[PDB]
Every structure is written in C-alpha cells, then in structure tokens.
Amino acid sequence: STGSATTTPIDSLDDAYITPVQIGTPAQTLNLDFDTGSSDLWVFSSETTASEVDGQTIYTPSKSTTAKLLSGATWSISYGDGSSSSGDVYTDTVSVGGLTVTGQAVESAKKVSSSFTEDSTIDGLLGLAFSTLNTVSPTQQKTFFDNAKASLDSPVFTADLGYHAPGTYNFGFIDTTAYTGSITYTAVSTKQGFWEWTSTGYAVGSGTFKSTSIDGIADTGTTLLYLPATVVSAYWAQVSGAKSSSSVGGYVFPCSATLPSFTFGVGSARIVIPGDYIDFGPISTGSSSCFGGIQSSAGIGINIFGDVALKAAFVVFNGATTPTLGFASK
C-alpha cells in the first residue's frame, strides 16, 4: 500500500504545516502537525478541558463506531519549546492520504498548554520519530508509520515541504518526479529515538564550504534551523546590522537586509537554503527588526534541522531494518 497527502503551511511564515487525517468511522477529519521529532499521535477531543479549546476541530470517540478505549492507558508529553499536553487513549482507524491503519493509538487530550489552545489551526500532532519515544503508559504504543510499515510497498515516508506553499507527505514510495538530481543517503542513529544524522559541513552565501561534523535531528515539527553557536555567528556576521537579542530570544536582523543563502552538507552532496527561507518577518507587527530562521542550539542540547532546512530538500525517511535519511535538491 501507499499514501499521499498534501501538507499546508498554517500561516504566511510557514510556522508549521498541517495535513488532513481521517480518524474513526464515519471519518472525522482533523488537521495534524506531522512531527518527525516526536512519537505520539494526539488530538484535541471531546475530552479536552473546554476552556483550553479555541477553534480547533475535535475528535469525539463516542461518535466513532470503531473507537475503543485503551483501558488504563495515559499519556503526557512536553516538547522542546515548553509546550505540553496529556490525556487518555483510544484505538481507532486512522487514514492518511488513502493509507489506512486499524488499531492506531489515538491519544485524546484532556489538557493542552496555552500555545496549543492559541493555535486554532492545529488539531493535534502525528508523531513520526521512533516508537521508543512514545509516551503512553503503561503500554508504549506504535506510531502511525510503525503500524503501517509492513503493509507499505517500501518501508519509507518522504517529506516535501513547500516554501510559502503546500507540499506533500508520501508513505510507501519515493516520487522520482519530485526532486532533481540524485538522493544522497546518510546514516541514522536511533539511540535517542530521533532521526539523528551527521551533516558534513556548511557554507554561508557564496563562501567556501567548511567541512565539519554537525550531529542533529531531522525534525518536521520544529520551525527553524538550530545549529552550533559558531556556525550561527558565522552566518549572521554576513548580514549588516544583525545581532543576537536576549530580549527577543535570538538573532534578529534589519528587515531591509538581503539574506545570504545557507548550504549544509549531506555526505558529498550539498543542500542550499535560499536566503528568503531564513526570513521570519517582523518581531512584532510594524517592526523593522526581523526574526532570523537560523538560531543557536546552545542550551537545547541538540542541533535541529527543522523546517527551514527540510523545506529546501526532498527528504526520505527510510525505515528499513537499518534506518537511513535521504536528501535531494528540488
């Protein structure tokens, strides 16, 4: 089997992407944030504290003839950005882009943090990291991909995120029309539960390429590109007036600037992020200070190849017995 679904930016900055997901019988379609940096499929629901729901579409398990309480199971997650959610668990039928999994754990939120409430466009998350990170207790549950894997034509999914435009998540096949040149594959460590890999270096603009190993995670659920302070400083030094602002919480730059590109290495191959992808707009409405899309990972504890990086590529998440990651230009 295969599946193919369009993913759409939630706003004009590409802060996140939402993908429609069918849950239950008859289908309840919710727009979920597909997140290769976590492993829980959780939704706003009829059980979510009423004051914490503000415009989201909810899953109502009592209206699904295929829903079953997963008795005794609870979940609780905290994300790298400080947001969180928790609740109980149902199993139900879940379909993405025509690919159907029966008995998928659907984690129903009883509580969500304010950042989730405040984002009306995101009805929940669909985790695509390794199932070892799933938070359900006392019986850990499998991701949608893990459940689908054996049925797929090939045990892969691909992320093709758009810049200020829709893109595509495919399951079970590689669309050879969706990228240019060849796909370069690189080793993955699953030791921390992430799609963790090592970039071979970087360049800023038309500058020379610096060969250096940068361990990080491929994370569709993180907006920005978070890299070591040395790398980030080298980038912003090429933008007149750019500075790190402790009050704002990262590098800002004059909105009048033209940003240089940023290149990262994948083996001997190179992925070029155009300068415009690095612009996250005014820090507040009307400001002439703009927020940068490349930020320091210092104090995160890990480098994160988030959407800024991934949307410059066609990315293969190869879930074979020994997983790997592939990147192509597009």
# chains A, B, ... in the order shown; residues from 1 in each chain; ligands from 1
>>> select_by_dssp(residues="region 186-292 of chain A", states="alpha helix (DSSP H)", output="list in words")
residues 229, 230, 231, 232, 233, 234, 235 and 236 of chain A
>>> residues_around(residues="residue 139 (chain A)", least_positions_apart="3", cutoff="9 Å", atoms="only C-alpha atoms", output="VMD selection string")
chain A and resid 73 135 to 136
>>> write_last_selection(atoms="C-alpha atoms", output="PDB file, in the first residue's frame")
ATOM      1  CA  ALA A  73      -3.540   3.985  29.268  1.00  0.00           C
ATOM      2  CA  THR A 135       4.766   8.441  25.969  1.00  0.00           C
ATOM      3  CA  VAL A 136       1.789   6.110  26.505  1.00  0.00           C
TER       4      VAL A 136
END
>>> residues_around(residues="residue 103 (chain A)", least_positions_apart="5", cutoff="12 Å", atoms="only C-alpha atoms", output="CSV table (one decimal) with N, CA, C and O atoms, in the first residue's frame")
chain,number,residue,atom,x,y,z
A,23,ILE,N,-9.9,10.1,11.1
A,23,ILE,CA,-9.9,9.3,12.3
A,23,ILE,C,-11.3,8.8,12.5
A,23,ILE,O,-12.3,9.5,12.5
A,24,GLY,N,-11.5,7.5,12.7
A,24,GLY,CA,-12.8,6.9,13.1
A,24,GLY,C,-13.7,6.6,12.0
A,24,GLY,O,-13.4,6.7,10.8
A,66,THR,N,-15.8,2.5,15.5
A,66,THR,CA,-14.5,1.7,15.6
A,66,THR,C,-13.6,2.1,16.7
A,66,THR,O,-12.6,1.5,17.0
A,67,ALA,N,-14.0,3.2,17.5
A,67,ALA,CA,-13.2,3.6,18.6
A,67,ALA,C,-13.3,2.7,19.8
A,67,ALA,O,-14.4,2.2,20.1
A,68,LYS,N,-12.2,2.4,20.5
A,68,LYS,CA,-12.3,1.6,21.7
A,68,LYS,C,-11.3,2.2,22.7
A,68,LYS,O,-10.2,2.5,22.4
A,69,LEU,N,-11.8,2.4,23.9
A,69,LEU,CA,-10.9,2.9,25.0
A,69,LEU,C,-9.7,1.9,25.2
A,69,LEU,O,-10.0,0.7,25.2
A,70,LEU,N,-8.5,2.4,25.2
A,70,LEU,CA,-7.4,1.6,25.6
A,70,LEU,C,-7.3,1.7,27.1
A,70,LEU,O,-6.7,2.6,27.7
A,89,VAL,N,-6.3,7.4,26.1
A,89,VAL,CA,-6.0,6.8,24.8
A,89,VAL,C,-7.2,5.9,24.3
A,89,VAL,O,-7.7,5.1,25.1
A,90,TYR,N,-7.4,6.1,23.0
A,90,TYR,CA,-8.4,5.2,22.3
A,90,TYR,C,-7.6,4.5,21.2
A,90,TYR,O,-6.5,5.0,20.8
A,91,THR,N,-8.1,3.4,20.7
A,91,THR,CA,-7.6,2.9,19.4
A,91,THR,C,-8.7,3.1,18.4
A,91,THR,O,-9.9,3.1,18.8
A,92,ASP,N,-8.3,3.4,17.2
A,92,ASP,CA,-9.3,3.7,16.2
A,92,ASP,C,-8.6,3.5,14.8
A,92,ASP,O,-7.4,3.4,14.7
A,93,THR,N,-9.4,3.6,13.8
A,93,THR,CA,-8.9,3.6,12.4
A,93,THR,C,-8.4,5.0,12.0
A,93,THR,O,-9.2,5.9,12.2
A,94,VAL,N,-7.2,5.0,11.5
A,94,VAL,CA,-6.6,6.3,11.1
A,94,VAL,C,-6.1,6.1,9.6
A,94,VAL,O,-5.4,5.2,9.3
A,95,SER,N,-6.5,7.1,8.8
A,95,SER,CA,-6.1,7.1,7.4
A,95,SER,C,-5.4,8.4,7.1
A,95,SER,O,-5.9,9.5,7.4
A,141,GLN,N,3.0,2.7,22.8
A,141,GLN,CA,2.3,2.5,21.6
A,141,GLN,C,3.1,2.8,20.4
A,141,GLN,O,4.1,3.6,20.5
A,142,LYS,N,2.8,2.3,19.2
A,142,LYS,CA,3.5,2.5,18.0
A,142,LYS,C,3.0,3.7,17.2
A,142,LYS,O,1.8,4.0,17.2
A,143,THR,N,3.9,4.4,16.5
A,143,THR,CA,3.5,5.4,15.6
A,143,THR,C,2.7,4.9,14.4
A,143,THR,O,2.7,3.7,14.1
A,144,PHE,N,2.0,5.8,13.7
A,144,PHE,CA,1.3,5.5,12.5
A,144,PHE,C,2.2,4.9,11.5
A,144,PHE,O,1.8,3.9,10.9
A,147,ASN,N,3.1,1.3,12.5
A,147,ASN,CA,2.0,0.4,12.3
A,147,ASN,C,1.8,0.1,10.8
A,147,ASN,O,1.4,-1.0,10.5
A,148,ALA,N,2.0,1.1,10.0
A,148,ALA,CA,1.8,0.9,8.5
A,148,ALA,C,2.9,0.2,7.8
A,148,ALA,O,2.6,-0.4,6.7
>>> closest_atom_pairs(of="region 219-257 of chain A", to="region 127-132 of chain A", cutoff="10 Å", atoms="only C-alpha atoms", output="Markdown table")
| residue | atom | partner | partner_atom | distance |
| --- | --- | --- | --- | --- |
| A:219 | CA | A:129 | CA | 8.6 |
| A:220 | CA | A:128 | CA | 9.0 |
| A:221 | CA | A:127 | CA | 8.8 |
>>> closest_residue(among="A:228, A:326, A:299, A:124", to="residue 16 (chain A)", atoms="only C-alpha atoms")
A:124
>>> residues_around(residues="residue 5 (chain A)", least_positions_apart="3", cutoff="9 Å", atoms="only C-alpha atoms", output="number ranges by chain")
A: 19-21, 96-98, 167-171
>>> closest_residue(among="A:222, A:6, A:84, A:289", to="residue 245 (chain A)", atoms="only C-alpha atoms")
A:289
>>> residues_around(residues="residue 204 (chain A)", least_positions_apart="5", cutoff="7 Å", atoms="only C-alpha atoms", output="PyMOL selection string")
chain A and resi 235+260-263
>>> write_last_selection(atoms="N, CA, C and O atoms", output="mmCIF file, in the first residue's frame")
data_model
loop_
_atom_site.group_PDB
_atom_site.id
_atom_site.type_symbol
_atom_site.label_atom_id
_atom_site.label_comp_id
_atom_site.auth_asym_id
_atom_site.auth_seq_id
_atom_site.Cartn_x
_atom_site.Cartn_y
_atom_site.Cartn_z
ATOM 1 N N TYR A 235 27.108 32.810 10.104
ATOM 2 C CA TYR A 235 26.037 33.192 9.187
ATOM 3 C C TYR A 235 25.632 34.654 9.376
ATOM 4 O O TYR A 235 25.663 35.456 8.423
ATOM 5 N N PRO A 260 21.823 36.185 2.891
ATOM 6 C CA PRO A 260 22.547 35.178 2.112
ATOM 7 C C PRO A 260 21.936 33.786 2.269
ATOM 8 O O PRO A 260 21.244 33.492 3.249
ATOM 9 N N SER A 261 22.200 32.925 1.301
ATOM 10 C CA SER A 261 21.832 31.524 1.422
ATOM 11 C C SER A 261 22.682 30.836 2.499
ATOM 12 O O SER A 261 23.681 31.371 2.973
ATOM 13 N N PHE A 262 22.262 29.629 2.862
ATOM 14 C CA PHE A 262 22.997 28.774 3.772
ATOM 15 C C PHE A 262 23.001 27.378 3.179
ATOM 16 O O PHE A 262 21.943 26.844 2.863
ATOM 17 N N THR A 263 24.184 26.793 3.046
ATOM 18 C CA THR A 263 24.334 25.454 2.497
ATOM 19 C C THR A 263 24.705 24.484 3.605
ATOM 20 O O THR A 263 25.571 24.800 4.425
#
>>> closest_residue(among="A:109, A:27, A:125, A:159", to="residue 318 (chain A)", atoms="only C-alpha atoms")
A:159
>>> select_by_dssp(residues="region 178-330 of chain A", states="strand (DSSP E or B)", output="number ranges by chain")
A: 184-187, 189, 196-204, 210-218, 225-227, 243-245, 250-254, 262-266, 269-273, 279-282, 289-292, 294-296, 303-305, 314-318, 324-328
>>> residues_around(residues="residue 185 (chain A)", least_positions_apart="4", cutoff="12 Å", atoms="only C-alpha atoms", output="count of residues only")
20
>>> atom_distance(atom1="CA of residue 14 (chain A)", atom2="CA of residue 311 (chain A)")
9.8 Å
>>> atom_distance(atom1="CA of residue 178 (chain A)", atom2="CA of residue 330 (chain A)")
6.8 Å
>>> atom_distance(atom1="CA of residue 102 (chain A)", atom2="CA of residue 29 (chain A)")
15.7 Å
